[PDB]
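Everything on this sheet refers to the single structure shown next.
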Amino acid sequence: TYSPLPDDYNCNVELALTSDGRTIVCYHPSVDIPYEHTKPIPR
Amino acid sequence: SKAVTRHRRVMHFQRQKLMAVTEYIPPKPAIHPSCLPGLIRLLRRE
Amino acid sequence: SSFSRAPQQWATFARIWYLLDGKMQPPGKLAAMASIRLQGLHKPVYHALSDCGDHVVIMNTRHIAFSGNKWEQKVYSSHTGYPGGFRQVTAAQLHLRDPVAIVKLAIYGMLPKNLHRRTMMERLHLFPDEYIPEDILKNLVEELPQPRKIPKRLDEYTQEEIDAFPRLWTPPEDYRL
Amino acid sequence: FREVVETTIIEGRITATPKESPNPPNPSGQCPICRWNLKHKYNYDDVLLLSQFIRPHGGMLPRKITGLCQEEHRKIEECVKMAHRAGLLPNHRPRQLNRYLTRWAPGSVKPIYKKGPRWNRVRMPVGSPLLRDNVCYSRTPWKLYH
Amino acid sequence: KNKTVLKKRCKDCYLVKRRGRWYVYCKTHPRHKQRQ
Amino acid sequence: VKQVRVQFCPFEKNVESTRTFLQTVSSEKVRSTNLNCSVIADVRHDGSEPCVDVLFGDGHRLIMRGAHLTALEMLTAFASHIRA
Amino acid sequence: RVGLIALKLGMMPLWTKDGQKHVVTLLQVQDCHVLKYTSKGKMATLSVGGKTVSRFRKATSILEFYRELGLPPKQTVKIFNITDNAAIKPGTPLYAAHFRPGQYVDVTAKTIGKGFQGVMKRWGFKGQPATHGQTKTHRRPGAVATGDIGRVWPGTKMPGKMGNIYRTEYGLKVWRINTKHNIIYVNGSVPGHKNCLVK
Amino acid sequence: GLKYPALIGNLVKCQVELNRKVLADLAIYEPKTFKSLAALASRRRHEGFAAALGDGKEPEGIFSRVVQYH
RNA sequence: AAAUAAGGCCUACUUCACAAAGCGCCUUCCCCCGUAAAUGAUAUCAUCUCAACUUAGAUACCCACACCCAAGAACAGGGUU
RNA sequence: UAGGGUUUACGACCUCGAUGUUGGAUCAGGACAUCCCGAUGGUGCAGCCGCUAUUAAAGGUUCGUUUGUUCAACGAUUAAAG
Ligand SMILES: [Mg+2]
Ligand SMILES: [Mg+2]
Ligand SMILES: [Mg+2]
Ligand SMILES: [Mg+2]
Ligand SMILES: [Mg+2]
Ligand SMILES: [Mg+2]
Ligand SMILES: [Mg+2]
Ligand SMILES: [Zn+2]
Ligand SMILES: [Zn+2]
């Protein structure tokens, strides 16, 4: 549930660690623009 | 200039630094005690 | 991502418009933020030769609040060409006669002292009231967080929070105040 | 809080009972601040604590009736002055511009037409000197002079 | 007058802070209106 | 500036407001202003002792009381009313 | 109210009932018509003309503007700062009857330009003496200003083009007016040479 | 949503030595990488604050605990 | 009513003439911070405020070839019915 | 105890392969430790004539006889000849 930064733009945040603790891993899936966060092309 | 002068001679940079670092630091009371806790016999006889 | 060469360049080197508001806030932090946004420092590709910047629009410049007693201390003086024209006007008088000058001079002095200062100033706009032209209004995009937090008077804390706050002492029941 | 009624007959009435909270947090103290643990955790923005020490018309209350300490009394007085100057007490008047964190009056400070050099610049006063022991919540000290 | 050490030679004198400085007014003897 | 009817007696809650009002400017010092005044008091049981019935020469009928009124405020009010 | 644009003919004296000489000027109100009207600048404005200049040595834009309206093209066009109350329609005349005696009316116009004059005639300097012991100093300006200051105070009195500029005169009483020839007799002199348009 | 001194300190307090040139290049051409780095820096800052407040006992920060060498 | 400094003029007066100049004539308008006063507390007296609030407390000129000129060294400007 | 470098010096630090030396003429820029026009407190202030302390420099600051001398004496002015 903890989140160091708000995952509402660019991508999410998921800091991971290996069993040996020697290499850090992450998972930053890109965020998709919702359908209700746009405007109709005026003409 | 001479050693002794009528006015206050400007001390050297290192001298001023040493004088400022060697200043007096009084204690810091964590609580301060400010916020902590004959003839009358003759009068009584009369 | 992809993005062709010319479109990607035009997008990464585009000019964005911002909006700032005063209303019981200091002018120093506002001018600093305006200069930071105009010089392009906020972007990761900041440089003078690149000529990167962003328009800054400030509204409600008449409700600026100074700290301490700067209203009767800060003297915005300016000497003219002819002799004896040494004008020494205070902050209160300058604001009463021109409410769109304090933040202007602040941002003029904050920006670097190069030839780009005039261009960065022209890129900025000011308005002493809520009325803003339609073009600028349509140009505005997003709204960065405000500087000050506003102290909030007693007529906004609601009765709930007031009752939640307990008392601290007991005046005599027969006190004439 | 009792009031003096007048109409010529001049009477009086008693109203508004104190009724303090039941269980204080830090009993066995002197001033209310020491009992509530707020010697260095309060400013001028929290007008809720300031309103409990101001007359109905804006005036101040004595120390013997409140029980605050001399230093605490002066601090509360300065905070009330700053709040009144900032316009945070519109319902406490005697009968254009915006200010806050002030120490002098608007009709007293003269315009600084001449400011000395860096080694003798007449800095402007900000805040108050009786609020230096407040928690900094940071690393840079309170800049009471610009 | 411009007196730094504001004295009170008379009994009716009293110190009061006014106009960014202290003054010494007196009704019975107004010969003490000093200035800082 | 005529006769005044001040009263006090151990009956109700004993408040020294009227006592202080009777023992103050009402002494011999200010009495020199009006020679034919002769302020008198009483000690009758009734209730609400501070019944200072100040009778003005013009016919104003000023009264001050009492159960929740100090002495300084009463004295200041009396002085203000006498000064017109 | 709207003003007039007359022509400074000449000057003549005029004695009052008290037996005293009082110089009076001449102002001929010729045509004087309104060109257009513009609402809110700081206040309403109105344009007024004067003499009738030939419509051959003018700009095409001016010719078109004056053709859209009646009358021929005028010489000058002085804009007056009038209020929103009085608003006369363009194309109306304004004779000398607009003003009446016993009224103070201001006048402004150019002045007899003396060209790039020297120093004395331009500012009234005393110059230098004739002898003891001048050799080439009689009308030149001596010192500029101080010595250490290696500059020159802007606006310092120096040789320049005297006159040939608009200057207004305040406080000029009117004595008599004419209706037939539309002449206005104003007290005191008036800036500008003879046969010169004045606002 | 971070500062340069605290960010650099948190990055140095994780055995992740990275010069400024690579950091700027990533921030310019890799916003997600810099976002993840800032998240890790904020996490390290919070862990250090919690440790200094409670002296650990006995978490020692899941991200802290440098890898010893010999 | 007179002068001071500034803005204009030759119709009366002069140097003088197809002009210009003064000795000759017309005009010149806004408060300035230094004080004295209601109402009350720290300091339930009293008290002008480096506490809250009230008293003596911008108007003006402007922004459509070629001949003569009161416009001008040229340039430029005004008129050429 | 604080401010002055305007008088007399004191030191010779670039300026003796050059900074032309005082008054007096036109022009004056600035500072107030303010002579006068504006406003106050006191006074050995019954009023003017006076004295003192604060602000205000937007303005004014004469005509002449002598000695080469700013300075130096004298006659008459205006509120003042700083
Ligand atoms: Mg001569
Ligand atoms: Mg000769
Ligand atoms: Mg030498
Ligand atoms: Mg030499
Ligand atoms: Mg030599
Ligand atoms: Mg040489
Ligand atoms: Mg002075
Ligand atoms: Zn305490
Ligand atoms: Zn006295």
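Chain identifiers are assigned as A, B, and so on, following the order in which chains appear in the structure tokens; residues are numbered from 1 within each chain, and ligands are numbered from 1 in order of appearance.
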
Using only C-alpha atoms (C1' of nucleotides) and all ligand atoms, find each residue of chain J with at least one atom at most 8 Å away from an atom of ligand 5; report its shortest atom-to-atom pair and that distance in Å (one decimal), sort the rows by chain and rising residue number, and return the result as CSV.
residue,atom,partner,partner_atom_place_in_ligand_line,distance
J:16,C1',ligand 5,1 (Mg),4.1
J:17,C1',ligand 5,1 (Mg),6.0
J:18,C1',ligand 5,1 (Mg),7.2

Selection export as a PDB file, in the first residue's frame, atoms kept: N, CA and C atoms (P, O5', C5', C4', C3', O3' and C1' of nucleotides):
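The resulting file, part.pdb, is shown below:
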ATOM      1  P     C J  16      55.613  63.324 -14.113  1.00  0.00           P
ATOM      2  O5'   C J  16      56.245  64.719 -14.550  1.00  0.00           O
ATOM      3  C5'   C J  16      56.390  65.775 -13.613  1.00  0.00           C
ATOM      4  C4'   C J  16      57.533  66.687 -13.979  1.00  0.00           C
ATOM      5  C3'   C J  16      58.893  66.021 -14.136  1.00  0.00           C
ATOM      6  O3'   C J  16      59.073  65.427 -15.410  1.00  0.00           O
ATOM      7  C1'   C J  16      59.112  67.931 -12.766  1.00  0.00           C
ATOM      8  P     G J  17      60.196  64.298 -15.626  1.00  0.00           P
ATOM      9  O5'   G J  17      60.313  64.173 -17.210  1.00  0.00           O
ATOM     10  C5'   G J  17      59.182  63.829 -17.998  1.00  0.00           C
ATOM     11  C4'   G J  17      59.346  64.281 -19.427  1.00  0.00           C
ATOM     12  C3'   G J  17      58.306  63.766 -20.411  1.00  0.00           C
ATOM     13  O3'   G J  17      57.106  64.520 -20.386  1.00  0.00           O
ATOM     14  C1'   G J  17      60.472  63.488 -21.326  1.00  0.00           C
ATOM     15  P     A J  18      55.803  63.945 -19.641  1.00  0.00           P
ATOM     16  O5'   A J  18      54.922  65.241 -19.352  1.00  0.00           O
ATOM     17  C5'   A J  18      55.520  66.441 -18.868  1.00  0.00           C
ATOM     18  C4'   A J  18      54.664  67.111 -17.821  1.00  0.00           C
ATOM     19  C3'   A J  18      53.246  67.461 -18.267  1.00  0.00           C
ATOM     20  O3'   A J  18      52.350  67.342 -17.163  1.00  0.00           O
ATOM     21  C1'   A J  18      54.382  69.434 -17.648  1.00  0.00           C
TER      22        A J  18
END

With only C-alpha atoms (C1' of nucleotides) and all ligand atoms counted, collect every polymer residue having an atom within 12 Å of ligand 3; state the result as a PDB file with C-alpha atoms (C1' of nucleotides), in the first residue's frame.
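Saved to result.pdb:
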ATOM      1  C1'   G J  11      53.481  61.647   5.284  1.00  0.00           C
ATOM      2  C1'   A J  12      55.672  62.084  -0.443  1.00  0.00           C
ATOM      3  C1'   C J  13      51.740  57.143  -2.539  1.00  0.00           C
ATOM      4  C1'   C J  14      51.289  57.590  -9.745  1.00  0.00           C
ATOM      5  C1'   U J  15      51.439  62.526 -11.524  1.00  0.00           C
TER       6        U J  15
END

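Relative to CA of residue 15 (chain D), CA of residue 6 (chain F) is found at 26.6 Å.
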
Checklist entry - Tell me, which residues of chain A carry DSSP strand (DSSP E or B), written as a PyMOL selection string? => result chain A and resi 9+11+15-17+24-26+30

Can I get the selected residues back with N, CA, C and O atoms, as an mmCIF file, in the first residue's frame?
data_model
loop_
_atom_site.group_PDB
_atom_site.id
_atom_site.type_symbol
_atom_site.label_atom_id
_atom_site.label_comp_id
_atom_site.auth_asym_id
_atom_site.auth_seq_id
_atom_site.Cartn_x
_atom_site.Cartn_y
_atom_site.Cartn_z
ATOM 1 N N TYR A 9 1.048 9.510 -13.244
ATOM 2 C CA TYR A 9 1.613 10.185 -14.404
ATOM 3 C C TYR A 9 2.899 9.479 -14.803
ATOM 4 O O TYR A 9 3.584 8.891 -13.961
ATOM 5 N N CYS A 11 4.455 6.922 -15.257
ATOM 6 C CA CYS A 11 4.449 5.487 -15.006
ATOM 7 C C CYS A 11 4.267 5.267 -13.512
ATOM 8 O O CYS A 11 4.261 6.214 -12.720
ATOM 9 N N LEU A 15 9.507 -0.486 -6.373
ATOM 10 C CA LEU A 15 10.889 -0.814 -6.054
ATOM 11 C C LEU A 15 10.977 -2.252 -5.556
ATOM 12 O O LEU A 15 10.191 -2.671 -4.701
ATOM 13 N N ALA A 16 11.933 -3.006 -6.096
ATOM 14 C CA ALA A 16 12.115 -4.407 -5.750
ATOM 15 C C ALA A 16 13.562 -4.653 -5.350
ATOM 16 O O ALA A 16 14.449 -3.829 -5.588
ATOM 17 N N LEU A 17 13.792 -5.809 -4.730
ATOM 18 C CA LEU A 17 15.118 -6.207 -4.285
ATOM 19 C C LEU A 17 15.279 -7.707 -4.477
ATOM 20 O O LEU A 17 14.325 -8.475 -4.322
ATOM 21 N N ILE A 24 19.397 -4.137 -7.363
ATOM 22 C CA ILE A 24 18.057 -3.588 -7.196
ATOM 23 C C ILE A 24 17.283 -3.779 -8.491
ATOM 24 O O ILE A 24 17.848 -3.701 -9.590
ATOM 25 N N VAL A 25 15.982 -4.032 -8.365
ATOM 26 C CA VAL A 25 15.100 -4.218 -9.509
ATOM 27 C C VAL A 25 13.877 -3.333 -9.325
ATOM 28 O O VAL A 25 13.480 -3.014 -8.199
ATOM 29 N N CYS A 26 13.278 -2.932 -10.444
ATOM 30 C CA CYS A 26 12.113 -2.060 -10.429
ATOM 31 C C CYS A 26 11.148 -2.491 -11.526
ATOM 32 O O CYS A 26 11.480 -3.298 -12.398
ATOM 33 N N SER A 30 4.224 1.932 -17.987
ATOM 34 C CA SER A 30 3.724 3.221 -18.442
ATOM 35 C C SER A 30 2.244 3.369 -18.113
ATOM 36 O O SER A 30 1.478 2.403 -18.163
#

Next on the checklist: Residues of chain E within 8 Å of chain J, counting only C-alpha atoms (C1' of nucleotides) - could you list those as an MDAnalysis selection string?
Outcome noted: chainID E and resid 1:2 30:31 33

Could the residues that lie within 6 Å of ligand 9, counting only C-alpha atoms (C1' of nucleotides) and all ligand atoms, be listed as a short mmCIF file (atom, residue, chain, number, x, y, z; two decimals) with C-alpha atoms, in the first residue's frame?
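Printed below is pocket.cif as written:
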data_model
loop_
_atom_site.label_atom_id
_atom_site.label_comp_id
_atom_site.auth_asym_id
_atom_site.auth_seq_id
_atom_site.Cartn_x
_atom_site.Cartn_y
_atom_site.Cartn_z
CA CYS E 10 9.04 66.75 37.99
CA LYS E 11 6.45 64.44 39.53
CA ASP E 12 3.78 65.00 36.86
CA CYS E 13 6.15 63.83 34.11
CA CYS E 26 3.56 67.13 31.45
CA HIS E 29 5.06 71.86 33.65
#

Show me, as JSON lines, the residues of chain C having an atom within 9 Å of chain F, each with the closest atom pair and its distance in Å, using only C-alpha atoms.
{"residue": "C:174", "atom": "CA", "partner": "F:68", "partner_atom": "CA", "distance": 6.6}
{"residue": "C:175", "atom": "CA", "partner": "F:68", "partner_atom": "CA", "distance": 8.9}
{"residue": "C:176", "atom": "CA", "partner": "F:69", "partner_atom": "CA", "distance": 8.1}
